[PDB]
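Let us start with two forms of the same protein chain, each given on its own as structure tokens and named structure 1 and structure 2.
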Structure 1
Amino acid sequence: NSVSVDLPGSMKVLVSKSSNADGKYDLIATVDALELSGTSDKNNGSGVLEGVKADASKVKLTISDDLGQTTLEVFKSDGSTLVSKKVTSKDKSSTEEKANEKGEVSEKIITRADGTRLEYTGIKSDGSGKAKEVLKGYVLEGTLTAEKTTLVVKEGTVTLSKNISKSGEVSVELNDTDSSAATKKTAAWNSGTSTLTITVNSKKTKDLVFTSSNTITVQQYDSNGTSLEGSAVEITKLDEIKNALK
């Protein structure tokens, strides 16, 4: 006599139709063939479920009270040395951490709701590591520090850096080492409009807009640098980013 409850990431928990004499509900879930079980003082599917793998690893699924988030933890048999931790939100955005043998997080994947990802590897005790952003049509490479993630695209003497704060806030900057003052690119970032405006030789040349969909559009200025012209074009591949940096 159970009730099925939908969870983040198209998972399920089974909750007893009625409570026991203590007013508690029974919970059962199966995560990749491993049965987890628990009890809860709520009737909605929220609560904690536990199980133990064949290799003695301890597994705990915690379902938030409003069903908006699940946390799936795997530990070694001590129940404290982390193996992995996955936090899934209702829109199927998620974070997944993987630990080293000492239980320290060394790998992390942030999956956005739109399917784009930020992936970290080799995270060190100072918070540094390597980073990759996986977009629709291209991959960006860079680094992680305790402060921010920085993805870098280099083209000639120009470096475009896409910085991502711990809160996920994107800002972008550009630097050019071009020794010719006349062809050197500079740029300004407008956080309010998520736009990087590139200038060469005192004339704005283009706006790169970093959209809420984790895409980039490019639109050129006229020959005077004082009006935008034509229509903005979505970038779909790395070579088009580099073209904009030429």
Structure 2
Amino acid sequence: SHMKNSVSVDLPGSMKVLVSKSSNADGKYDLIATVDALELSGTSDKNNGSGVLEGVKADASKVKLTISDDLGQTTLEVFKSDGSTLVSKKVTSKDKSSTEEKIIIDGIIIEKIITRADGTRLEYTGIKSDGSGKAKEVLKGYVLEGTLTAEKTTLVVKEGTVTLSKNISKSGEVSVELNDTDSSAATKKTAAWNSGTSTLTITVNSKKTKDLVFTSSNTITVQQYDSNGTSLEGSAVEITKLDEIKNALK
């Protein structure tokens, strides 16, 4: 889009809007944006890019973009040609820590993508009316997979008899658990999670064997204990692939 005597205003996600530099005789600002090759326009009593823009598709469907007063959220709605029956709604919200994109069909959030400031992502797909769905965490070097419920996200790595589960609460808090079906005292893995240090300490045969640290950078490091299980030795090593998580679980 183009507008004479205008300013381009960045919006959450891929979008931008143009706002007039000055208001008209009635004090209203003009707004224009292109979304998916369709030009939308509107007017607003705000000077910053916020307000409502509309357009009409060739097939007669109405498109409406609503930009929140603080420019932190957009809602992109497609309606039937009546202009009021929803077909789809996409809400994108941005702040300093993340951008979240939600797709809502029939009042149900069916997809949610969170892109963190560091570029890693949580991708929730196939979400059902009960809040359950598929989850993927796209990290630096590898992807964890699992499931979503209305309670929490659980990403899972399985290695033989061992299952490592990384849970993410609704507030974004990470906790990790481990279960091993092995019933032998000499070889069964057990673990203790310390929420205060974001560290999972694995024990085998009554000795601590390694710490897995789940860092603020959304990475995992592994470090071994000495052969007595007393103190950490060597250096913590960043995990770069799923096979390295699994190696730690053998």
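Every residue number counts along structure 1's sequence, beginning with 1. For the two forms, the rigid core is made up of the largest set of C-alpha atoms that agree within 1.5 Å on superposition.
- Once the cores line up, the CA of residue 204 ends up less than 2 angstroms apart between the two structures.
- Superposition of the core reveals a Cα shift of 2 Å or more for residue 11 between the two structures.
- Think of the chain as two rigid blocks: between the two structures, the small block swings through 10° with respect to the big one.
- On core superposition, residue 54 has its C-alpha offset by 5.6 angstrom between the two structures.
- CA movement of residue 125 between the two structures equals 1.0 Å, with the two forms superposed on the rigid core.
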